[PDB]
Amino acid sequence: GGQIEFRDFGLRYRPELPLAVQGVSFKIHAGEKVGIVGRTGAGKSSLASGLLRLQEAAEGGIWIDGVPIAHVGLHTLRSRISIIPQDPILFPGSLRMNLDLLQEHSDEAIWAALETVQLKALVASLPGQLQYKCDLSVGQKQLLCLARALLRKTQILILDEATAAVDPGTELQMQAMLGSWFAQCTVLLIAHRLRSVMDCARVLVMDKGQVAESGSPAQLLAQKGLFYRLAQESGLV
């Protein structure tokens, strides 16, 4: 399904530190694409880090399809939950290994995923093709991550926006797929550019470790709240 629910959630990265994020309660419906916006330090990455249970729950809990992730095997928990970082690091070695470390797919199915993210041609161009070792641009590495997210049968796609200048063709293919191959996939897009979540149907606005406001960009723009302030600073409104 990919339906996530934070219920009064907070996490700390280390015992001695204060809660990085606290009292976060929200329900993401299965298959939804929700943008997550906020300033640096607001708590956007912590939500994904709480989902992946990188940091354990300090308060409340998270539930994925009615199952408390607190009671879900970590490998299981993380198997169909995929994250696309800003600057993905290829695991040193075979390209195929990066795409399929567990070797649970056939070269056939891997090439499909690549062609899905429109990297089949690039990969075919590569010196070792699938066996190509690691180069590829940050945008391409993200796409490769997207193809891997497909192979994983991912139902929760956490996407991290590149803080660096966005490749015009990567953005074109990335959006091209989010509504088609990840249509049924829940997509948490953690955005560092407010413009990127404007077409989103729903945005969580993170603020100093707490959910500040929720709803569509139009709703949040009308509220003239933190979301609205970020749009002004961004020059969108």
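Start at 1 and count along the sequence shown; that's the residue number.
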Query raised in the report: From residue 134 to residue 135, how many deposited residues does the entry skip: none, 1 to 3, 4 to 9, or 10 or more?
Result: 4 to 9
Report task. Identify the stretch, either 219 to 227 or 21 to 29, whose C-alpha atoms have the larger mean B-factor according to the entry. Result -> 219 to 227
Query raised in the report: If you average the Cα B factors in the entry, which is higher, 199 to 207 or 182 to 190?
Result: 199 to 207
Report summary line: Scanning 112, 156, 166, 146 for peak Cα temperature factor in the entry gives 166
Query - Residue with highest C-alpha B-factor in the PDB entry, from 70, 36, 58, 174 - result: 174
Report summary line: Chain-relative C-alpha B factor for residue 118 (record values, thirds): the middle
**Report entry** residue 160 CA temperature factor, ranked by third within the chain
**Finding:** lowest
Report summary line: The third of the chain into which the C-alpha temperature factor of residue 99 falls is the middle
**Report entry** Chain-wide C-alpha B factor ranking for residue 79, given as lowest, middle or highest third
**Finding:** lowest
